[PDB]
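Residue numbers (the deposited numbering), protein chains in the order written: chain n, 1 to 241, 253 to 306; chain o, 154 to 243, 259 to 306; chain O, 2 to 42, 54. Below you'll find the structure, written out as structure tokens, and then a few comments.
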Amino acid sequence: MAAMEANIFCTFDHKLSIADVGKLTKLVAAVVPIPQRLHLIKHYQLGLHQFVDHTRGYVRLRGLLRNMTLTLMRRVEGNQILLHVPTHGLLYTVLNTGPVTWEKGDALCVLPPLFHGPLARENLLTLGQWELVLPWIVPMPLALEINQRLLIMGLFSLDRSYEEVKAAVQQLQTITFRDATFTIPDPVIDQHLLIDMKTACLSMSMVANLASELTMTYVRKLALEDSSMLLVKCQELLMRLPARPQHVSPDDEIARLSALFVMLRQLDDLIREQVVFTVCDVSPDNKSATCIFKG
Amino acid sequence: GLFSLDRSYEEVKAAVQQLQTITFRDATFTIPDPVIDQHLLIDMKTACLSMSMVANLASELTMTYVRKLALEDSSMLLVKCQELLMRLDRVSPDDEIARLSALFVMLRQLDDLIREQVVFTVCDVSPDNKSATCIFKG
Amino acid sequence: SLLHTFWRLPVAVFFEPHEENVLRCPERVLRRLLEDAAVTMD
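So this is what it looks like as structure tokens:
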């Protein structure tokens, strides 16, 4: 087999107006997804507009986006986009596209955009029943919360009334992460969210079975003599209802804690999808950042 | 760290003496105890609190959720898991959302413990074991 | 009379005739088979 081309040329068949080439020159060293990995790909496969459906299933978009090969834009010119699928380990700069402020030392993940539509009025290379769609490069805790609220909106919507659902979407669509408010476009329950719910509930049932005689009564013994805002804030989400430990057997506790770590990781990987960039240093206007872990 | 409260007994003290040491490949290594002067530091307290909270919330919510899941049951793996919940055992909706959210917060506050990345792997070790040659893996 | 089972909670089925066997007998069918077995009987 011929090797995977690190220099991917994108071509264009539409008559490019001059403002379209201008807006295409803004997006140098940004992230775009492509599934083909050929050398002379067209423009239809480039981006994410090949997978935007009438369903607007954002969980379906997150499910497909993990399989797409991420590349970097370079050397934009007349009808030519030289893309570079980056090898793992080295470093080169990326550029933000959404209004998400970053830090140093944190990590970045790939994500489909939030409130995507004519609300922020993106004229991002619109031509002939096709738009250039950009995946968001979002930091780590935003990527944690944007799937945590997804899974909670999945789990709550069972066996309950629809007015509870319509009162629950508006309680769990805003995210006030880092001086900005984001809204998720139509969180809709599908079979993918169902199988994610099945994995989550099985793992937490198994870890509820896996809990030892001491780790479930640690807060129950702690909350008699301790006083802290952390312990008070975590106590009220529990029900109401010296002593001796029953049997200390640490040879069993090592195995219980090990398998409990496996169950906690098995719950954990539902919201910790992939670290795709580790940001090292940003631009002061935060338009770009030199980062590592490309690929 | 989990035995920080019941340290007054003697079985727990002998258990701390047991867990504090470790035998390895020609290693009689011993660790320090995370408790000093019968009170626990805030890092270990947050760790054990998060673990006890996720264990308690799993023991509370999951029976109700899988019992609700049996109406829309589509796999035999799901019906048999609530059977062991019934075996082991022998509210405002915003508070329920708060419980699920706090469960995921305690899950997020534990990834610094439950996993770790391998950094190096050894290609060759120098004789007398003072140095070794490793490829990087980040 | 009625059976006494080990596993407490029931399990749904998805199998085929070519997979593992299962007793699925409608009530009028077993009733009629009991009639046919009763009447068919130096």
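We put the CB at the ideal spot given by N, CA and C, even for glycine.
Counterpart residues of residue i in DSSP-defined beta bridges
i	result
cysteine 302 (chain o)	o:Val290
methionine 204 (chain n)	In DSSP, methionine 204 (chain n) forms no bridge with anything.
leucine 83 (chain n)	n:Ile8, n:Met73
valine 110 (chain n)	n:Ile137
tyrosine 92 (chain n)	n:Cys302
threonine 183 (chain o)	o:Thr174
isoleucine 189 (chain o)	o:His192
Residue from the options whose Cα sits closest to the Cα of residue i
i	options	result
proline 35 (chain n)	n:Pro261, n:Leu70, n:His84	n:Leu70
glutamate 284 (chain o)	n:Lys305, n:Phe272, n:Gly306, n:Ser294	n:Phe272
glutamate 213 (chain n)	n:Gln257, n:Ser227, n:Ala19, n:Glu236	n:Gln257
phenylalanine 15 (chain O)	o:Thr181, o:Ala168, o:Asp226	o:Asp226
residue 308 (chain o)	n:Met153, n:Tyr92, n:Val59, n:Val286	Because residue 308 (chain o) is not part of the residues shown, which for chain o are 154 to 306, the question remains open.
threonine 174 (chain o)	o:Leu222, o:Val286, o:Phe182	o:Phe182
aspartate 190 (chain o)	o:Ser157, o:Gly306, o:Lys298	o:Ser157
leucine 119 (chain n)	n:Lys166, n:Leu142, n:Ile184	n:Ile184
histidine 39 (chain n)	n:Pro113, n:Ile18, n:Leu83	n:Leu83
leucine 238 (chain o)	n:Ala300, n:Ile81, n:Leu202	n:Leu202
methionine 68 (chain n)	n:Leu16, n:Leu27, n:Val31	n:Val31
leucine 142 (chain n)	n:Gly98, n:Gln129, n:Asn79, n:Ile81	n:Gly98
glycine 57 (chain n)	n:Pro295, n:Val188, n:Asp179, n:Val286	n:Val188
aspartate 280 (chain o)	n:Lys42, n:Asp279, n:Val59	n:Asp279
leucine 224 (chain o)	O:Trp8, O:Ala39, O:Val12	O:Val12
residue 246 (chain o)	n:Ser260, n:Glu236, n:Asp262	No atoms of residue 246 (chain o) appear, because in chain o residue 243 is followed directly by 259.
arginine 75 (chain n)	n:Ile8, n:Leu241, n:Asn147, n:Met274	n:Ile8
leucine 275 (chain o)	o:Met206, o:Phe177, o:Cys234, o:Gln170	o:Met206
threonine 176 (chain n)	n:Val133, n:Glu122, n:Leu114	n:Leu114
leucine 65 (chain n)	n:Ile146, n:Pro33, n:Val138, n:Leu231	n:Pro33
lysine 166 (chain o)	o:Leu268, o:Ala180, o:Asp186	o:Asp186
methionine 73 (chain n)	n:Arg267, n:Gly63, n:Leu134	n:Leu134
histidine 88 (chain n)	n:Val286, n:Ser294, n:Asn297	n:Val286
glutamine 277 (chain o)	o:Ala168, o:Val169, o:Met204	o:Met204
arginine 29 (chain O)	O:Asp37, O:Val23, O:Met42	O:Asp37
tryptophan 130 (chain n)	n:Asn79, n:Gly78, n:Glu77, n:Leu46	n:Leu46
residue 248 (chain o)	O:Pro27, O:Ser2, O:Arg9	Inspection of chain o shows residue 243 followed directly by residue 259; residue 248 (chain o) is thus not represented.
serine 17 (chain n)	n:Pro139, n:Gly78, n:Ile303	n:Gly78
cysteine 234 (chain n)	o:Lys298, o:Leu172, o:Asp263	o:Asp263
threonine 11 (chain n)	n:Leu172, n:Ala3, n:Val21	n:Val21
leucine 132 (chain n)	n:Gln80, n:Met140, n:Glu122	n:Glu122
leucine 193 (chain n)	n:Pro295, n:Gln148, n:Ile303, n:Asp179	n:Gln148
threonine 25 (chain n)	n:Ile81, n:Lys15, n:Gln170, n:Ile41	n:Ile81
Nearest-angstrom Cβ-Cβ length linking residue i and residue j, presumed shorter than 8 Å
i	j	result
residue 244 (chain n)	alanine 208 (chain o)	In this structure residue 244 (chain n) is absent; chain n steps straight from 241 to 253.
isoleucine 282 (chain n)	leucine 144 (chain n)	6 Å
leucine 95 (chain n)	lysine 23 (chain n)	Between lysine 23 (chain n) and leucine 95 (chain n) the Cβ distance is about 14 Å, and since that is not below 8 Å, they are no contact.
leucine 27 (chain n)	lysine 305 (chain n)	In fact, because the Cβ distance is near 17 Å, the residues do not count as touching under 8 Å.
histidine 43 (chain n)	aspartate 13 (chain n)	7 Å
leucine 150 (chain n)	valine 59 (chain n)	6 Å
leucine 231 (chain o)	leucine 222 (chain o)	6 Å
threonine 93 (chain n)	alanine 270 (chain n)	Incorrect: roughly 43 Å between the Cβ atoms, too far for contact.
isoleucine 137 (chain n)	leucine 108 (chain n)	5 Å
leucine 268 (chain o)	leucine 127 (chain n)	Not a contact, Cβ separation roughly 44 Å.
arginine 37 (chain n)	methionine 1 (chain n)	Between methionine 1 (chain n) and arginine 37 (chain n) the Cβ distance is about 11 Å, and since that is not below 8 Å, they are no contact.
beta-carbon residue i near the ligand SAH non-hydrogen atom, thresh 7 Å
i	result
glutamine 191 (chain o)	Within the structure as shown, the ligand SAH is missing, as the structure has no ligands at all.
Segment contact, 8 Å Cβ cut-off, at least three pairs: the segment 160-171 of chain n with the segment 45-61 of chain n: No, the segment 160-171 of chain n does not touch the segment 45-61 of chain n.
Which ranges does the beta strand (DSSP E) cover as unbroken runs of at least 3 residues, wholly within the segment 121-155 of chain n, from first to last along the chain? Complete beta strand (DSSP E) runs here, min 3: 136-139.
Taking three-plus beta-carbon pairs below 8 Å as touching, is the segment 288-300 of chain n in contact with the segment 101-109 of chain n? Touching, yes.
Pairs of beta-carbons, one from the segment 216-233 of chain o and one from the segment 192-203 of chain o, closer than 8 Å: are there three or more? No, the segment 216-233 of chain o is not in contact with the segment 192-203 of chain o.
Alpha helix (DSSP H) runs contained entirely in the segment 26-72 of chain n, provided each spans 4 or more residues: Taking only runs of at least 4 residues, the alpha helix (DSSP H) segments lying wholly in the segment 26-72 of chain n are 58-65.
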